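Asks: Let me give you the structure first, and then I'll get to my questions.
None of the figures in this text is laboratory data; all of them are computed from the coordinates on show. Methodologically, a virtual Cβ is constructed for each residue, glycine included, from the backbone with ideal geometry; neighbour enumeration extends over all protein chains shown.
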2 protein chains.
Amino acid sequence: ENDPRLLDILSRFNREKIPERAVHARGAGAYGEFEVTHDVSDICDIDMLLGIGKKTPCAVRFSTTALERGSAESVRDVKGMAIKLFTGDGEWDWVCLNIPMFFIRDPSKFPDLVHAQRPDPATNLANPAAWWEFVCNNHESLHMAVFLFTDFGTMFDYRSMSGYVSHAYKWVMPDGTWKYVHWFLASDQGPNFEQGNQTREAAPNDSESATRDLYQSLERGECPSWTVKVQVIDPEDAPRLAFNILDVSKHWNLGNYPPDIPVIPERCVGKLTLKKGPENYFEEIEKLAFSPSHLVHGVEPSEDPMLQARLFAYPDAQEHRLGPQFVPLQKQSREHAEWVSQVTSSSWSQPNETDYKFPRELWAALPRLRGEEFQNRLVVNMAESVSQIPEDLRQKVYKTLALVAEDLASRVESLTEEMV
Amino acid sequence: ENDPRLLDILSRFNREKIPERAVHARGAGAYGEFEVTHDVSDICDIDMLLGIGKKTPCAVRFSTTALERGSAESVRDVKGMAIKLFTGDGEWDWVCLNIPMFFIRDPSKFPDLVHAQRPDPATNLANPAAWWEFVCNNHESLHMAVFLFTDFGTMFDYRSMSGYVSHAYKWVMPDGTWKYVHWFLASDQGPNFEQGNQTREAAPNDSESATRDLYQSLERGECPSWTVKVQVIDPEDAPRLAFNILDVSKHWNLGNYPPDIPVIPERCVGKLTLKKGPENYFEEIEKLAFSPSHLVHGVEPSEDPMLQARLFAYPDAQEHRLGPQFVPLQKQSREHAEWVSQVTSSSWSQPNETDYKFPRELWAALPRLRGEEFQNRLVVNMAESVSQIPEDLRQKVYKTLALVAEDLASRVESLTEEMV
Ligand code: HEM
Ligand code: HEM
Ligand SMILES: C=C(C)/C=C/c1cccc2[nH]cc(C[C@H](NC)C(=O)O)c12
Ligand SMILES: C=C(C)/C=C/c1cccc2[nH]cc(C[C@H](NC)C(=O)O)c12
């Protein structure tokens, strides 16, 4: 010690690591561009989206959700896709999940949900009991639960996944009229709901299989691409829908389920192609800052309470993580006002019939569009998870599943009791 | 948003994570006690070591070395064991590795070595090329290299590993006389150099196999134990030894290799038994602070330059990681003075004959004490690692290995060329 040169070298080495992200800590990154392929000048006034053939540079970060920096990328989890676009009007961020539904509806429950998916606070091991307790206490997560224990829970790498903003936004015209919008990116080298499964199994002991897949595909000359599509709803038609489009835990039906809810059609916008990887991972990918509050002229947030909370949360989290510490809108009708005020009532945090209707119809649709083996594998995965928790929690889970569907609960209980 | 309660909840959640340790980021912890079993009053004046049957509470943290928080614990790596003992004279820290040798003896090279074992700075993937360049540029790591690619590289969990302080310390008597000492903990449920291999193969996709093993063993009622032993050298006998005991990259021979270096015998001191696990992992294990500078009356550091650098580095690193940011000694002879001044010369950072003698004798001892299959597996592991690097670096590695033994280099070269 003692030597000033050695002290400087060691002190510089000591201050090299920073806190990881609270969620989505493990991930990879790439650079590409977006190109406009269709005309949307009748619903949009965003400069980035006007003019067929226009190109915009973009940077993308893929991630998992629940575990730490060095965790395996082939786990049962939801995946994230964050896109930063450098337009002439500034930076536009699309922070998407690989599925258009979310776990919860009330933002004040967000930390608890996160704690339900982190390792055990005493042993630092995996703990399904907290997750199943949260599910039994918050029925609006049931829909997502049914999704997570199918094959779709473990099906996607960074190239075969899709991305959905999952919120309703507002697109505004210069005359003041606006529409509710939801856009998403469909993978050009991945499956969909109707057809397609995993085609490249990860190595038995590989924790970075998806990162390796993306890096090797980029080095081989292949360029992954996504097709961007949007769904449009008139503000006066929203209060009359069979579901609430301000509820982030529900999706907008594209033609799969539930059958009694009419389809909201989508239209194409453009295409996103990834070209190259980074030169310095820590400086370019690890320190990337994304926020849903990064918006350009012509796009506004809606009255979604989760989106409103996200507008504040991301800059504050980045202040902790990267800090020095180391056109007027036209008015709608009174009925629209009541429908909007629905989201600030005390019943917003209580379950309704739709919270059970959506998972029931997904469970019914699984054998019609995929087959009996898909449903059987869902039952097997759920039983494998449930057979690790104490008996009273098991009975509570059985009751909740019966609230979803009787045959699903009976099958899960019968298969789970044989595994304990 | 806009609710002060929600803002407080989200802001509190946003600040929970802190930066991980620069090294040894992944690990687990436990609590136990140390008990004295033998009399060492003739060489020691430390309060906690005097009196047969005396008990001292202690807290232990086990860890890996190179990878991040959520990485697998069954990787080819060296393991760490940190023991904090709560004595009547203060806190005494034993910060040990699972092997008594280290990679280097010049502290100014420490960060580079660490960077040679971290993931690729551009792709965040495993990069064998950086490791072999360091070995070809720093021959004093060759010894450790030979250790790392044997079975001992992947043999130990947290219960079957041993611990070595690896440095020379000074134990001082009240009259001013002192001795060079090195103490270590031998596992009571693990293998040794001559006998024993792995008996608990980890699961194919388990990243927390060692933590689970320790937690389950503690829950079953089994208490792991270690036997503490010490080796003693008189200061006037150190300058005449065939090796430098102030070189942390060498070990003190206990009877295995090299045959021409006489044995330095050990004597028993006491026993360490682990009893219980933590209640809050983050508050008790993750925020634990260890330092070799935590010393009690009667024990002093030696003139080891690596130890002198570690005396400063640990409090500074803890200041970054956990900070608000989120008896006179007897004089020796002139010959001892020259021998000590040897460690401050310019030739300290250059290889000597011992740097080649130690790994050569380990390679020769492997078949005599473990069989031919051990040596063959070492060759196979080395070839598997070397076959992923460019050809010029491969030739450099072959030339570097030729300086240890010709047969080892030829066998590795043949296997590696067949593998590519
Ligand atoms: C109340 C709801 C939510 C809150 C409070 C929340 C909070 C956060 C926070 C604190 C981060 C870390 C940001 C950073 O440290 O820089 C993050 C990252 C992220 N979130 Fe959310 N989140 C919520 C829901 C969602 C939703 C609904 C989506 C997608 C539709 C989403 C997708 C993502 C993604 C992809 C990232 C990773 C961004 C990156 O890679 O840099 N989260 N979120
Ligand atoms: C020049 C040489 C070395 C330097 C500069 C160095 C530096 C460090 C640093 C910065 C930490 C992180 C401490 C913290 O963030 O709280 C650490 C941890 C650790 N080091 Fe060293 N190290 C060196 C060599 C060694 C040696 C020779 C050993 C063992 C004989 C060792 C064993 C450990 C262990 C076990 C830990 C983990 C402590 C814990 O779990 O809290 N290191 N070292
Ligand atoms: C895209 C895949 C592979 C799975 C989607 C998926 C799976 C399970 C439930 C789902 N609910 C909604 C979706 C996405 C929806 N499927 C018409 C879409 O492509 O807009 C979905
Ligand atoms: C203790 C195990 C299982 C292996 C030790 C080991 C292995 C390879 C090279 C080694 N060099 C020195 C040791 C440790 C040394 N073996 C007499 C001891 O027990 O003090 C060692």
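Asks: In segment B:123-198, how does Rg compare with the Kirkwood Rh, expressed as the Rg/Rh ratio over alpha carbon atoms?
Replies: On the way: Rg = 17.9 Å, Rh = 15.9 Å.
Ratio of gyration radius to Kirkwood radius for segment B:123-198: 1.12.
Asks: Distances in nm, one decimal, shortest first, from residue B:280 to the same residue in every other copy, taking the label point 7 angstrom along Cα→Cβ.
Replies: 3.8
Asks: Enumerate the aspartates and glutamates that residue A:109 could reach by cross-link, defined here as Cα to Cα under 16 Å, with residues fewer than 8 away along the same chain left out.
Replies: Straight-line reach from residue A:109, under 16 Å: A:133, A:140, A:247, A:304, B:1, B:3, B:8.
Asks: Consider all pairwise Cα distances in segment B:100-235 and report the whole-number % of them above 22 Å.
Replies: Taking all Cα-Cα pairs of segment B:100-235, the fraction more than 22 Å apart is 58 percent.
Asks: Need one number: the % of Cα-Cα pairs in segment A:282-420 sitting beyond the 22 Å mark. Before the final figure, lay out each step's value.
Replies: Details: 6255 of 9591 pairs.
I get 65 percent for the Cα pairs in segment A:282-420 exceeding 22 Å.
Asks: Mind checking which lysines have their C-alpha under 21 Å from residue B:357, skipping anything on the same chain fewer than 8 residues away?
Replies: Residue B:357 reaches B:250, B:396, B:399.
Asks: Given the C-alpha centroids of segment B:1-42 and segment B:334-397, what is the distance between them in whole angstrom?
Replies: 37 Å
Asks: Charges at C-beta only: +1 for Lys and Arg, -1 for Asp and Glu. How large is the resulting dipole of segment B:15-117 about its Cα centre, in Debye rounded to 20? Don't skip to the answer; put the middle values down first.
Replies: Values: 13 positive and 16 negative charges, 127 e Å.
Charge dipole of segment B:15-117: 600 debye, to the nearest 20.
Asks: What is the packing order of peptides B:336-346, B:260-270, taking the mean over residues of other C-beta atoms within 10 Å and listing the highest first? Kindly include the intermediate steps, with their values, before the conclusion.
Replies: Values: B:336-346: 12.6, B:260-270: 14.7.
Top of the packing list down: B:260-270, B:336-346.
Asks: Quick one: which of B:206-218, B:393-405 comes out on top by average Cβ neighbours within 10 Å, and what's the full order, highest first?
Replies: On the way: B:206-218: 20.3, B:393-405: 17.3.
Highest to lowest by the protection proxy: B:206-218, B:393-405.
Asks: In deg cm²/dmol, rounded to 500, what helix-only [θ] at 222 nm does chain A give when every DSSP H run of at least 4 residues adds -39500 (n - 2.57) and the total is split over its residues?
Replies: Numbers: 11 runs with 131 residues, N = 420.
Rounded to the nearest 500, it is -9500 deg cm²/dmol.
Asks: Which whole-percent values make up P(r) of segment A:35-85 when all C-alpha to C-alpha distances are grouped in 10 Å steps starting at zero?
Replies: Final binned percentages: 21, 31, 21, 21, 5.
Asks: Report the far tail of the P(r) of segment B:68-135, meaning the percent of Cα-Cα pairs longer than 17 Å.
Replies: Numbers: 1377 of 2278 pairs.
The calculated P(r) of segment B:68-135 puts 60 percent of pairs beyond 17 Å.
Asks: What distance in nm separates the simple spin-label points at residue B:177 and residue B:233, each placed 7 Å from Cα in the Cβ direction?
Replies: Computed distance between label sites residue B:177 and residue B:233 equals 1.9 nm.
Asks: Using a Förster radius of 30 Å, what is the FRET efficiency between residue A:112 and residue A:391 based on their Cβ-Cβ separation? Nearest 0.05, please.
Replies: Values: r = 24 Å, r/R0 = 0.79.
With a Förster radius of 30 Å, E is 0.80.
Asks: Can you tell me which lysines have their Cα less than 25 Å from the Cα of residue B:276? Leave out same-chain residues fewer than eight positions away.
Replies: Residue B:276 reaches B:54, B:55, B:79, B:84, B:229, B:287.
Asks: Any chance you could list P(r) for chain B, counting all Cα-Cα pairs in 20 angstrom bins from zero, rounded to whole %?
Replies: Taking all Cα pairs of chain B, the binned fractions are 24, 57, 18, 1 percent.
Asks: Distances from residue A:43 to the same residue in each other copy, label points 7 Å out along Cα→Cβ, in nm, shortest first?
Replies: In nanometres, ordered from closest: 8.3.
Asks: Could you tell me which residue out of A:49, A:72, A:59 lies farthest along the dipole of segment A:29-73 toward its positive end? Charges go on the beta carbon: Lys and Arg +1, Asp and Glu -1, centred on the Cα centre.
Replies: A:72
Asks: Please report, largest first and rounded to whole Å, the three semi-axes of the ellipsoid equivalent to the protein assembly as shown, where each semi-axis is the square root of five times an eigenvalue of the C-alpha gyration tensor.
Replies: Details: eigenvalues 647, 171, 138 Å².
One finds semi-axes of 57, 29, 26 Å for the protein assembly as shown.
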